[PDB]
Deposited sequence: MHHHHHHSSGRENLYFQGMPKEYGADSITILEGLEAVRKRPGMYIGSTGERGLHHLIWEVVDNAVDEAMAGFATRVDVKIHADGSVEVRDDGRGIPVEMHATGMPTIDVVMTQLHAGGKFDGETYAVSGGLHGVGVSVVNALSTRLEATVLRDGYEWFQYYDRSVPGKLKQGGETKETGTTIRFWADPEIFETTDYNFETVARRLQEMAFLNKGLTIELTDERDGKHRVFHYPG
């Protein structure tokens, strides 16, 4: 049933991200970034870092509270409930791979998803830091393009910074070295 839900996304992605061209591809970034910016609005995060990797993956890191990793009532870690059932599960469904690294509850935690199928959540080292890193690889079977446009992403992140005064958003493109930092005082 959880698998059927994610397969429904792959069958009709337009129902979830509007379309499967360049605008649909960029929706994967908007979803993950919106989740990070939500932590800034909530008063926990101060910075969101976005990287476009040369392998076509995108990495989004925040210093918010960290996606909860404790066991959920449904019998999987809460992070796995999130990545299989809520908004960002669409990103998992339409990615060949998603990795999550969370700083929370005194530890670094590692999870991966292989075509949306969770690995086993691993507890890493001790840390007082909190936050979330998500890295995802858009599925080229789904999208008409896997080419992210730096200028499109930069203009969106600059507007997000303008609506969320005091938030810093950094964007790095590892394909060609482009780098921008956006922030408005607040």
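**Q** Could you name the stretches of the deposited sequence that have no C-alpha atoms in this structure?
**A** Coordinates drop out over 1-28, 114-133.
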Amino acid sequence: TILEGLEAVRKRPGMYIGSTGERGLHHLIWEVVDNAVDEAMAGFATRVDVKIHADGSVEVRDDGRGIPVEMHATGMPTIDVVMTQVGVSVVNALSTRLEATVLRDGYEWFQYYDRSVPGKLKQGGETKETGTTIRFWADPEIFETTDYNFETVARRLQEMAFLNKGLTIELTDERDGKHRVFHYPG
From here on, numbers count along this sequence of modelled residues.
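**Q** Is the mean CA B factor in the deposited entry higher across 69-77 or across 97-105?
**A** The deposited B-factors put 69-77 ahead on the C-alpha mean.
**Q** Report the stretch with the higher mean CA temperature factor, choosing between 147-155 and 40-48 on the basis of the entry.
**A** Here the higher of the two C-alpha B-factor means belongs to 40-48.
**Q** Pick out which of 27, 61, 53, 122 has the highest C-alpha B-factor in the PDB entry.
**A** Result of the comparison over 27, 61, 53, 122: 122.
**Q** Using the temperature factors in the entry, find which of 32, 142, 117, 161 has the highest value at its Cα atom.
**A** Each of 32, 142, 117, 161 was compared by C-alpha B-factor; the highest is 117.
**Q** Comparing against every modelled residue in the chain, figure out the third that the C-alpha B-factor of residue 133 lands in (lowest, middle or highest).
**A** According to the entry, residue 133 has a C-alpha B-factor in the chain's lowest third.
**Q** Based on the deposited C-alpha B factors for this chain, I'd like to know if residue 91 is in the lowest, middle or highest third.
**A** Residue 91: CA B-factor falls in the lowest third of its chain.
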